[PDB]
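S.K.: need a structure here:
(chains A, B, C and D, ligands or ions: 14)
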Amino acid sequence: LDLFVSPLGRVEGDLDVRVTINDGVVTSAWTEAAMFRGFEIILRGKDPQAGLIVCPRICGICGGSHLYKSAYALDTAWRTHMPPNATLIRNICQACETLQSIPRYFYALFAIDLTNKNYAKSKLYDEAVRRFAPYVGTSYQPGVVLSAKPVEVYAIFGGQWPXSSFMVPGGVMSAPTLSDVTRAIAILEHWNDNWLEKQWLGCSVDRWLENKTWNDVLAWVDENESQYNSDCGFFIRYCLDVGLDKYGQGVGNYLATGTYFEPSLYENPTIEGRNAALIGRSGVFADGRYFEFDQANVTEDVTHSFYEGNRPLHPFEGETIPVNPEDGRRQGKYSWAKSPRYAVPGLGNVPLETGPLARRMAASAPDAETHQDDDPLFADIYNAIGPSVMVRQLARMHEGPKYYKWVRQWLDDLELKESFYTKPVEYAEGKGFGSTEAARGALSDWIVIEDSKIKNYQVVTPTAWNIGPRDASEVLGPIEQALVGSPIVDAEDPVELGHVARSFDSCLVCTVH
Amino acid sequence: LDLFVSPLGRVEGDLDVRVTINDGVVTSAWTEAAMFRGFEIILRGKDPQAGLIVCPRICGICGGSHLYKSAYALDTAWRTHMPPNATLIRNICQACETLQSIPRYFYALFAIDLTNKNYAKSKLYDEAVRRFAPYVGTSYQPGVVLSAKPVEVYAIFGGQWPXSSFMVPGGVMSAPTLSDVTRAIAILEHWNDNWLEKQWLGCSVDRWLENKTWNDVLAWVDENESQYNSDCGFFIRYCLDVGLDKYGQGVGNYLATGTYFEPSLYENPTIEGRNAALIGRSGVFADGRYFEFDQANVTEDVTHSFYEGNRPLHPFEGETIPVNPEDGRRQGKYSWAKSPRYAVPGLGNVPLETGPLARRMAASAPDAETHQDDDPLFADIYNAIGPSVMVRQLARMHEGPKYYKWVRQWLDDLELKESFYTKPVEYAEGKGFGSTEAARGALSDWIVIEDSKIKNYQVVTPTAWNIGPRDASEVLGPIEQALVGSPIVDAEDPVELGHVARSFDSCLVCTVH
Amino acid sequence: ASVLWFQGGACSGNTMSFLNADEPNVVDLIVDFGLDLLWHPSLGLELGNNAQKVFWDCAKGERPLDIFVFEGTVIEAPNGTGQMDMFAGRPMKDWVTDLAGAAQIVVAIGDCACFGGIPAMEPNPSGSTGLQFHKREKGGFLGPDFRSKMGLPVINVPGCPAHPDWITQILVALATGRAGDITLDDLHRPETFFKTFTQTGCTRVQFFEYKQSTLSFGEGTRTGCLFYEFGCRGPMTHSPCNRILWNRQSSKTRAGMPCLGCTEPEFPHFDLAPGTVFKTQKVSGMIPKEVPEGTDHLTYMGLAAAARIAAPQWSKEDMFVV
Amino acid sequence: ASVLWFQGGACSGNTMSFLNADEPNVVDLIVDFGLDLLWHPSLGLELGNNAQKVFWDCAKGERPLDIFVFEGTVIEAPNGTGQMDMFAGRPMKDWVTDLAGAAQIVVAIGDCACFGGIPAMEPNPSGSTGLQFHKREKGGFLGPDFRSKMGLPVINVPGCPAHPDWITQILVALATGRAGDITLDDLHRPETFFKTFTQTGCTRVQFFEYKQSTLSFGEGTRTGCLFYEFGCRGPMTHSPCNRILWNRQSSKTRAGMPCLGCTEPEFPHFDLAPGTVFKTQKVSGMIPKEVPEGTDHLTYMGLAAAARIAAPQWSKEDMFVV
Ligand SMILES: CC1=CC(=O)c2ccccc2C1=O
Ligand SMILES: CC1=CC(=O)c2ccccc2C1=O
Ligand code: FCO
Ligand code: FCO
Ligand code: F3S
Ligand code: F3S
Ligand code: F3S
Ligand code: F3S
Ligand code: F3S
Ligand code: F3S
Ligand SMILES: [Mg+2]
Ligand SMILES: [Mg+2]
Ligand code: 3NI
Ligand code: 3NI
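M.R.: Numbers count the residues shown, from 1 in each chain, chains lettered A, B, ... in the order given. Ligands and ions are numbered 1, 2, ... in the order given. For reference, the structure is listed below:
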């Protein structure tokens, strides 16, 4: 059965999913990003800092992430100096946006599918409906409402969220005051207490972060009623009951560009020094092995994308030349997503899944420096049960406690008397690479400044990595492979497709930009 | 046993209570208001509108009520015109302050005493502790936190709360916009939903307002689990279990000056037309009979108060001449509270209890006009079980649903294109009477303007009515008589005294001003 | 009141801003104000054919559509086909045609929907336009004479993104019987939000008054106004951004970021051409090319010279201190 | 950090304002920031001897007192005895003496505690004074040289009442290890709140700039600045009232109420003498007796004349429209 699902909403943009179904299982899948705005085209010729305005408008939910990496793209292009406070503020705001994204996505975009009638037979279904039904769910409402709190912190430093551009080469535009920081701490602490610990975890962030193995997590669920009936404990039990741990595996290979710089280690942003300075470590996990991320290995294929092109392009030489979808479909193109691929030695240019799971895998790599996220939990989970909708979601949710603690510490690290901005030299020429871990994964800008104008500007967003179509080798993108193998109980409401696409927290406006 | 309790906190100011105890029962009581600021003295000679600044500073919790009646004192003194919108805004803000006072007082000031160890034997004690323990109580925290919401509405119209003076002769200073009203509605609706209906009632305000008899209220508690386990249902059941319905009766005579004017009926405030224009009806309930309120009948006795004076003074001729408490105590004076008395025909100058219960009794008077509060509930409750800490508290809590609905309607009544202010003539001479029902009851200003200055300014606050000392006839004030008959399980923690004093929502800074 | 919220060439920033709503928050708005959110690409439960059934019922009039909210641009490329924005089996613009013609009220939320916004920046690869405007030029996709069934033009809730209140309070107004209180300016923006300027309530206006310029970002923004060196469009931008604070905390200009003038139909102003980003274009190095709304260069500069001379000492010092 | 919050000649408005705290709210402050509120007359559970036991233990050093918050005036009448404020068996001023000498930090919250405030208005029947100030004159009850055990003078959180943030954020600062970030101005007010003016962020500053006066209350406040006709002390008053909005909504001046200058030690200014309430005292009918801080009448009036001439049309029209 060929099934074309349109729209597959709650992926922050326009997505159609075509699947071939045999015996109630997806055997092939096509993700079709359906809406193109062309920001890379628009940015050509604009002011070198136009990206700080334009790139946040790639996405409303992860615009702050776009701002972060666009700023660092300029910071690297212009060889700027970043005062530690600016790095801290950038870290805080990037993390705060993600902390907003985590519950907002989980409740408003993902968990309402847990109420699907396919699960009516589950003993947990009534509770799932009570908790996660859209708008009226008892977990939905506070989860969604409180998700605005972390971006209040963003607004304290950036003026507003979404839609600030306050991250500029050389630092940030703002100059936090004491009451800014104390309020940011208060907002974060309240949000942590009222959503993260009370509703999501039913325990302290510290207790959750003590989970180092999958068995730890299972013990955590059963440890006491609070954790058992928390949103996290319920979600795990629900997943294990309804089978969300049994599909959505995907590529099993992961890309994290990392984000969050240790302020002392990235005071002078360079492409080369980027990895060592990261707190949230970059890392490529492929064929069960850890590799260092190197932006030079990134290519974008447009073979099945609605763009002209005959070879994968590293984004520094990237091009965004749309073809009419009517013509492109005649050439087998089916998506406005480019196909980002990553050259892994011995594997060729492979699709890599990006996102929290990729980050958690990267965080389990050996040889973490002291400032760096060193977390074996998802190495263990990956080996124990492998990837799945549940594991992917747990990776996302796992970042809530981890990022909250980082933000809380970064807020304490702010030295309010110290500089937040070093006026950079706006060089007429420059090649910049900025990358961050948006909520959804590796988010990267490759910018070429020439003659005090944007010569090239190539954004590769995490969902582009995940949802980008087949490459020249016909290798399915991560979400496409994750969709393959998914059961389809009801072709009329193929919620499992939604589960898989949304387990990546897919953002289609970011996918295409 | 003579017991002197000092301080008896959570009465918004300085209160000492002396009681004589015989066989574990209070047989006589003295309320000692212990702190004097002398705002009536300060106001003498000041600008005629100084009251709008000074009187709110009589009290932080009911300053908006002080502002309301101070404004109307000027409106009457200066024969001003009140555009209906201004009347509406005044009504809204007065009611919003009360809506803030109701939960803030109930949880932060009153209900934490329900956790007293005297109740450890009650089967409901653990739940009372879970709900109402200070700061950590599961009802305390949201109750107190959400109590700030109604005064956000006040701030929308008045700029801030507390401490606005935006109610001026001729209207209000502000000019609400559309977003002001829509936000005010949204704030009110959220507060109603999240505290009043969800936490306090466990049902709709409408369902609660269907209770017309004490038996209705008892049926309401038992009707379903939501109402049974609401804060209201629990409080009633707790009161009936621990005996809060068995003492704190008090005078059984009541004074309501009323407040909330029907805008069309008080466009030209006069003393004489005040009663007819009231929505929240004035009314004196004494010896089981209803009387019309008449400010001319008010006197203040200082026989046992720390003021010079030899005869009860109507406040238009009032005086505030402090005596040194060391000297006053030698003359049997014991309180900075004056003793307001009310001339009821056939009863002489009697103490009248003010507050919600007084209002609810006044609302049960016959011959309510269409705009007027006509509610038989507390006539029935009074006849069924009589006054008590529980009934007094229920009267207070009963106003939440009633005032919410009025405010919601008043917000709808605002005609945003219409005037909010008619510039008055600031007459050099004038006698003004302004009165409102502050959260705690009849709050009244008698102002005399002479030579464009304040010649006399006499405030009589509700807790002055309630907590004012014995008059010249040695007749105990309402709180003093309410204290008489109160059991005293533990003279070391005489919480029942606290229950009684706080059941009046006593405000000692208002008492003395 | 049924609400259908569609996204064309959107980034979903207006939805994300909208979800930050407080008083009312979005849940209370969707649930407790009688606004039946039929579907929203970011929030609607229905997918695939169940979603399209909702859309087609609204488009064909099978079920009432009281408010059609459109976010993002109306993408007309390629060649007027709109296929750079294929939604639910149609070019989004065709949905827009049908649903705008079905709705009682059409709300464009965000510059993209209102005026074309960032995607309409040259070279405008997506052929993006606003619902009833292309930048300042009235017309846009629906034409200058489009009226919803309630007789209103597209209500433009501009911004990039719109502040949640700019739409929620309008929705509350519509839900509480105060639609008649909503007046729209010449750009169809609610005057209750767009008579003020961004500058209105900016914490730097005193510096603006005394012509004291913020000189640098970061700690440089502890003083001064952003108008002179950072191209703040605050004085030329109609918004309540400093009256109704963003995220109940701040605003661009308070934080030290120049107002980009995003509520104005030309946004991004000058199409982010080189030299115009976070910079004040000046004539002869001292005269701003653009002076505050309603002023002229001669009187503005004259008053500015006098203001510079009268400037008190505190206006020359840090004020947003740690 | 133990906190003892006492009230002298208070109206409890600072407590009530404090209870409106958000981010943090008061419960989270009291519970989740490690601030042990030992007692508060409006909130403490203990009464009678159990309360006095807490006080005496703090006064005598039996238990540590980290923050002594005093609200309301130090009442010294009659005849310096303080018996117009008898608290827990002593004149409150004696408690103040003992507890201020015991605390690591003393915070005066509200003008009453800071400067004497309204009760200290003539004829000051209660002999009220502030902790370390009587109006502007440094000294107050504790003397100019009083220092808490952490070496600080009384921290003055002025206002009538103080905005909740003015104390909560200081409490958060003290609780989060940022006490060293707290700088105090010459009145011991936290400069993080009191370097700005009330005018800073006022929505009427543009009207102030162009010398466009609000002429009347109510709908008259849809335009104009309150400085000229309503005695707004905004430009002479250090506060963040228009930076950090009251009740997260508004401020006096935004709403159309003149700033009374309540954060300043002279409040109420002119002791509310006849003719000074909601009126601008003027010389020769046109010159304000008091000009904005740091300005002089000559340059202020000169600039004002120029501003009046340069004034754009919108500054003469309603802006806070329905
Ligand atoms: C001409 C001019 C000079 C300034 O320094 C300045 C500073 C701040 C705002 C505006 C201005 C301005 O217009
Ligand atoms: C002299 C003068 C005249 C005004 O009209 C005016 C209007 C608004 C604010 C200030 C002023 C002012 O100072
Ligand atoms: N998170 C996020 Fe948005 C995506 N994909 C980016 O970058
Ligand atoms: N409520 C209240 Fe305050 C008292 N008593 C007044 O008036
Ligand atoms: S927030 Fe996004 S949807 Fe358009 S208006 Fe701005 S780019
Ligand atoms: S006053 Fe503010 S709005 Fe811009 S022009 Fe100056 S920073
Ligand atoms: S850029 Fe837009 S969000 Fe406000 S501050 Fe300027 S109008
Ligand atoms: S609010 Fe009250 S306590 Fe004093 S400072 Fe103002 S009169
Ligand atoms: S700008 Fe505002 S602070 Fe007062 S002086 Fe004018 S109303
Ligand atoms: S009176 Fe006070 S509260 Fe602010 S607006 Fe003026 S400093
Ligand atoms: Mg790209
Ligand atoms: Mg009196
Ligand atoms: Ni995105
Ligand atoms: Ni009071």
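S.K.: now the residue lying closest to residue A:421 once chain neighbours are set aside: how far from residue C:315?
M.R.: Nearest residue to residue A:421 in three dimensions, chain neighbours excluded: residue C:218, at 2.3 Å (CB to CB, 6 or more residues apart in numbering or on different chains). Where C-beta positions appear, they are placed from N, C-alpha and C, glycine not excepted. Distance, residue C:218 to residue C:315, by CB to CB, to the nearest Å: 20 Å.
S.K.: who's in contact with residue A:219?
M.R.: By CB atoms under 8 Å, 6 or more residues apart in numbering or on different chains, no residues touch residue A:219.
S.K.: Kindly state the beta-bridge partners for residue C:71.
M.R.: Under DSSP bridges, the beta-bridge partners of residue C:71 are residue C:7, residue C:109.
S.K.: just checking, it touches residue C:7?
M.R.: Yes: contact between residue C:71 and residue C:7 holds when scored by CB atoms under 8 Å: they sit 4.7 Å apart.
S.K.: Any chance you could list residues touching both of those two?
M.R.: What both residue C:71 and residue C:7 touch, as defined by CB under 8 Å, 6+ apart, is the set residue C:15.
S.K.: Kindly report the residues of chain C close to ligand 6.
M.R.: Residues of chain C lying close to ligand 6 by CB under 6 Å from any ligand atom are C:198-199, C:202, C:204-205, C:208, C:225-227, C:232, C:234-235, C:253, C:259.
S.K.: Which of the residues you listed fall within helices?
M.R.: Among the residues of chain C next to ligand 6, the subset assigned to helices under DSSP state H consists of C:205, C:208, C:227, C:253.
S.K.: With neighbour count added, can I get those in CSV?
M.R.: What follows is these, written out as CSV (neighbours: other CB atoms under 10 Å in any protein chain shown):
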residue, neighbour count
C:205, 29
C:208, 27
C:227, 29
C:253, 31
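S.K.: quick one, what contacts residue 262?
M.R.: All of this is about chain A. A:87, A:277, A:278, A:279, A:371, A:372.
S.K.: wrong one, I was asking about chain C
M.R.: Residue C:262 neighbours (CB under 8 Å, 6+ apart): A:163, C:111, C:158, C:159, C:160, C:237, C:239, C:268.
S.K.: and with 10 Å instead?
M.R.: A:53, A:57, A:163, C:110-111, C:117-118, C:158-162, C:198, C:233, C:237, C:239, C:241, C:252, C:268-269 (CB atoms under 10 Å, 6 or more residues apart in numbering or on different chains).
S.K.: cool, residue A:41 as well?
M.R.: By CB under 10 Å, 6+ apart, the contact list for residue A:41 reads A:319, A:320, A:321, A:322, A:457, A:513, C:121, C:122, C:123, C:124, C:125, C:126.
S.K.: State the helix or strand in which it lies.
M.R.: Assigned by DSSP states H and E, residue A:41 belongs to helix A:39-43.
S.K.: Touching, residue A:348 and residue A:287? I think so.
M.R.: No: applying CB atoms under 10 Å as the test, residue A:348 and residue A:287 come out as separate, 11.2 Å apart.
S.K.: sec struct for residue A:255, please.
M.R.: Under DSSP: H, G, I helix; E, B strand; the rest coil, residue A:255 falls in the strand class.
S.K.: Around chain D, which positions in chain A sit nearby?
M.R.: With CB under 10 Å from any CB of the partner chain as the criterion, chain A meets chain D at residues A:149, A:152-153, A:156, A:177-194, A:408, A:411-412, A:414-417.
S.K.: can you pull the contacts of the residue nearest the centre of chain A?
M.R.: The centroid of chain A falls nearest to residue A:440 when counting by CA atoms, centre = their mean (1.3 Å). Counting by CB under 10 Å, 6+ apart, residue A:440 touches A:12, A:59, A:61-62, A:65, A:98, A:101, A:105, A:354-356, A:358, A:396, A:461-467, A:504-507, A:510-511.
S.K.: Which residue is the nearest non-sequential neighbour of it?
M.R.: residue A:462 (4.1 Å).
S.K.: got it, and residue A:83?
M.R.: residue A:419 (4.0 Å).
S.K.: and residue A:454, that's in a strand?
M.R.: Yes: counting by three-state DSSP, residue A:454 falls inside a strand.
S.K.: so it sits right up against residue A:53, yeah?
M.R.: No: the criterion here is CB under 10 Å, and residue A:454 misses it with residue A:53 at 11.7 Å.
S.K.: which residues are common contacts for those two?
M.R.: Common neighbours of residue A:454 and residue A:53, using CB under 10 Å, 6+ apart, are A:43, A:46, A:47, C:272.
S.K.: anything in stretch A:317-335 near chain C?
M.R.: Yes: judged by CB under 10 Å from any CB, stretch A:317-335 and chain C are in contact via A:320, A:321, A:322, A:323, A:324, A:325, A:326, A:327, A:328, A:329.
S.K.: need the strands for the stretch 401-513 of chain A, in chain order.
M.R.: With DSSP state E, counting those that start in this stretch applied, the stretch 401-513 of chain A shows strands at A:430-438, A:441-450, A:453-460, listed in chain order.
S.K.: Also the stretch 151-300 of chain A?
M.R.: So, for the stretch 151-300 of chain A - with DSSP E, counting those that start in this stretch - the strands run A:167-168, A:171-172, A:254-256, A:259-261, A:278-280, A:283-286, A:289-291, A:298-301.
S.K.: Kindly reformat those strands as JSON lines containing mean neighbour count and distance to ligand 9.
M.R.: Formatted as JSON lines, the strands of the stretch 151-300 of chain A follow (neighbours: other CB atoms under 10 Å in any protein chain shown; distance: least, CB to the nearest ligand atom, whole Å):
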{"stretch": "strand A:167-168", "mean neighbour count": "28", "distance to ligand 9": "30"}
{"stretch": "strand A:171-172", "mean neighbour count": "31", "distance to ligand 9": "29"}
{"stretch": "strand A:254-256", "mean neighbour count": "33", "distance to ligand 9": "50"}
{"stretch": "strand A:259-261", "mean neighbour count": "28", "distance to ligand 9": "41"}
{"stretch": "strand A:278-280", "mean neighbour count": "25", "distance to ligand 9": "44"}
{"stretch": "strand A:283-286", "mean neighbour count": "26", "distance to ligand 9": "54"}
{"stretch": "strand A:289-291", "mean neighbour count": "18", "distance to ligand 9": "60"}
{"stretch": "strand A:298-301", "mean neighbour count": "26", "distance to ligand 9": "53"}
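S.K.: what does the stretch 101-250 of chain C have sitting close to ligand 5?
M.R.: Within the stretch 101-250 of chain C, the positions adjacent to ligand 5 are C:110, C:111, C:112, C:117, C:118, C:160, C:161 by CB under 6 Å from any ligand atom.
S.K.: can you confirm the second one is in a helix?
M.R.: Yes: per three-state DSSP, residue C:111 lies within a helix segment.
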